[PDB]
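Undergrad: pasting the first chains of the complex, positions unchanged:
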Amino acid sequence: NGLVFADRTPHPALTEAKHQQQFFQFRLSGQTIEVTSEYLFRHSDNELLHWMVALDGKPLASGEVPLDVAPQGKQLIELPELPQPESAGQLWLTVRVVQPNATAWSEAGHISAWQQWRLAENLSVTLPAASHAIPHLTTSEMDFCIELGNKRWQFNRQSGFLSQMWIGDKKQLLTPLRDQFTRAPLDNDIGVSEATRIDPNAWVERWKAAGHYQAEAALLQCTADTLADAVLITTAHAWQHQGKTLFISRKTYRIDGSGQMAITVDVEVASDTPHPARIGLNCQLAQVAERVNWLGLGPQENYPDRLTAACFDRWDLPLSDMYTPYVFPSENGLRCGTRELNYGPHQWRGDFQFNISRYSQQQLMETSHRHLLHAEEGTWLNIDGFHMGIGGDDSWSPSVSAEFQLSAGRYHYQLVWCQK
């Protein structure tokens, strides 16, 4: 039940505790930062404030101001009028309180508090320079093949999914790109439930009994169209369990001249089915790469009801760090509010949540101990428009708060998949 492993390696939840338990509070108003001390006895005499402004990851300004705050007191810090941003994007402000001198309990340079705000945002209005290339639609009884130069997209007409992609003669997928509404159950999803003594109120059991894990996709529609400068693929699927429709998924794929695939997804969720664990897509990628790069919340694991500690910046970690090694394996390694993701030859743009690793949701839920896991061929990807909270007020009864349950009935998300 610990915040740390038995060998004292931190769980991701330790960072969330550090941030919420901070001793300095911050408000922003125009160009003024207000800092409040929550110390009862000491002055801030080993503290200074580092601030920085970045446009979509790229720094534009930074600076330092010594902190001089009495117990329970306030200090007003006025930012210099900041250089105007050139292009489009959202400006972000980050502050951190740094301890310059070593103590009996910390190293010099130790970070004790932090906070972020959105500043000015300029929206992209200018039409991206209209390219000339034009994608080529090839139709057979079993498939739709889209070709742009030497890039190839294959849609299966029987199953209704993007079943393979090609750059030249190099294939990208080991498993087709499909919808996903399930996660490998966390301890909070399971609670005190067991094979010998089932607890029907637990999230895992409501999910099992409704047939979420056994749901079979059934194609409703699958059409292909040529436009002026692109090809459009329209699909619709029903997920059913023994006659009862659980979810309907409606998608458009738009592949244009610049070689980008715009995916638009619209999902309906039956009001009387237990709210699903996630609403997204998954596939098994052929490529295994070293690093993972993203513009979003990080660097550590973060979930919708546990993402306050994470900051919005540009992050770059090795693949093995995007997986959290819980002793009892479960869904893990998510990062939220991501605008861009980069892995090997692939780039994904939008506003989504993701995890990425060598283990599939199926392997994670079938294995009881972490040492028993084996890396699978390629890399398993999950990209969710929406993901249920993880809870934790206790681990023996539903604890996910109402504002974190996927309960809206109708959902929308869009992604762009291209090459970097």
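TA: Good, I have the coordinates. Residues are numbered from 1 along each chain as shown, chains lettered A, B, ... in the order given.
Undergrad: from here on, contacts and neighbour counts on C-alpha atoms
TA: Noted.
Undergrad: show me what the residue positioned nearest the centre of chain A bridges to in the sheet.
TA: Centroid-nearest residue in chain A, with Cα atoms, centre = their mean: residue A:353, separated by 1.9 Å. As for beta bridges, residue A:353 partners with residue A:384 under DSSP bridges.
Undergrad: where's it relative to residue A:28, distance?
TA: According to Cα to Cα, to the nearest Å, residue A:353 and residue A:28 sit 28 Å apart.
Undergrad: got it, and residue A:159?
TA: Applying Cα to Cα, the value for residue A:159 to residue A:28 is 52 Å.
Undergrad: more neighbours: which of the two?
TA: Between residue A:159 and residue A:28, counting by other Cα atoms under 10 Å, residue A:159 is the more crowded of the two (18 against 14).
Undergrad: surely that one touches residue A:222?
TA: No - assessed by Cα atoms under 8 Å, residue A:159 is found out of contact with residue A:222, at 9.2 Å.
Undergrad: for residue A:121, what are its contacts?
TA: A:88-91 (Cα atoms under 8 Å, 6 or more residues apart in numbering).
Undergrad: reformat those residues as a markdown table; add neighbour count, secondary structure and distance to residue A:129.
TA: Conversion of the contacts of residue A:121 to a markdown table gives the following (neighbours: other Cα atoms under 10 Å; DSSP: H, G, I helix; E, B strand; the rest coil; distance: Cα to Cα, whole Å):
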| residue | neighbour count | secondary structure | distance to residue A:129 |
| --- | --- | --- | --- |
| A:88 | 14 | coil | 15 |
| A:89 | 16 | strand | 18 |
| A:90 | 16 | strand | 22 |
| A:91 | 20 | strand | 24 |
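Undergrad: closest to residue A:272 out of the residues you listed?
TA: residue A:90 (39.3 Å; Cα to Cα).
Undergrad: partner residues bridging the closest one?
TA: As assigned using DSSP bridges, the partners bridged with residue A:90 are residue A:121.
Undergrad: tack on chain B:
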Amino acid sequence: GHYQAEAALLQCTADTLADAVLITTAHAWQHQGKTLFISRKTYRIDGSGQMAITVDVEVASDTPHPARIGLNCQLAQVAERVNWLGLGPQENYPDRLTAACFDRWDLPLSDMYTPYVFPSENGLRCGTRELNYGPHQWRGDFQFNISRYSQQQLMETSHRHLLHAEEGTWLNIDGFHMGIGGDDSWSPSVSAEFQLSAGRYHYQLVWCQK
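TA: Below is chain B, added to the chains above:
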């Protein structure tokens, strides 16, 4: 500048499909060089006369959250009755809708107008899946008001008795609408969870004849 903002056209293309015609548009609302709103739409007209409209709006994070995200027009038709499947039968808003019930409702046009002595936005009905007026039918998941008075007349006139009915019927169909508040009437009182602050909004509508 929300009231003074002018729609600038970014894109407007047409494509013929196997069974339909698809119109794509994009607009940007600006004031003194700042982009407030961007609206991206597709209209799809299929073989059965139905028009499917898809809208995606971006709102600038540093502009004050908008009062509504929707569409308007002035219809030529003046009909006796309004018929809808949604919350009703009385006026209801996102932070004042619990009393309303979901069902099929049917009222004379004049009932779709609340005669507040000082005139303002009035008459909204929320959580609607279907609206009927004359030979028109709208389907989706939206909020609406319908009346003989433009938002503009309503905002320029000070006493209800000084209002005059306009030719035809003004229709407002919103994907989203800001709460009304009222914990008091002398400071901002709309609670955070009823402000339109998500930055990106999506809604869809089918328009047909019946």
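Undergrad: please reconsider the contacts of residue A:121 now that chain B is part of the model.
TA: The contact partners of residue A:121, taken as Cα atoms under 8 Å, 6 or more residues apart in numbering or on different chains, are A:88-91, B:60-62.
Undergrad: how about residue A:3?
TA: A:10-14.
Undergrad: wait, the residue nearest to the centre of chain A touches residue A:340, no?
TA: No - here residue A:353 does not reach residue A:340: they are 10.2 Å apart, not a contact under Cα under 8 Å.
Undergrad: what's around the closest residue to chain B within the stretch 301-420 of chain A, how many residues?
TA: Closest approach between the stretch 301-420 of chain A and chain B, counting by Cα to the nearest Cα: residue A:412, at 7.3 Å. Residue A:412: 18 surrounding residues under other Cα atoms under 10 Å in any protein chain shown.
Undergrad: please apply the same query to residue A:332.
TA: The burial count for residue A:332: 24, using other Cα under 10 Å.
Undergrad: dump the residue contacts of the closest residue to it other than its chain neighbours.
TA: The shortest distance from residue A:332 to any non-neighbouring residue, by Cα to Cα, 6 or more residues apart in numbering or on different chains, is to residue A:324 (6.0 Å). For residue A:324, the contacting residues are A:12, A:301, A:332-333, by Cα under 8 Å, 6+ apart.
Undergrad: now for the residues you listed: which two are most distant?
TA: A:12 and A:332 (10.1 Å).
Undergrad: what is in contact with these two at once?
TA: With Cα under 8 Å, 6+ apart as the test, residue A:12 and residue A:332 both reach A:301, A:324.
Undergrad: phi, psi of the residue nearest to residue A:332?
TA: Here is the backbone geometry of residue A:324 (degrees, to the nearest 10): phi -100, psi 120.
Undergrad: pick out the most distant pair among the contacts of residue A:3.
TA: Maximum distance among those (Cα to Cα): 7.9 Å, for A:10 and A:13.
Undergrad: ok, back up a step: then the residue of the stretch 301-420 of chain A closest to chain B would be within a helix, right?
TA: No - with DSSP: H, G, I helix; E, B strand; the rest coil as the criterion, residue A:412 is strand rather than part of a helix.
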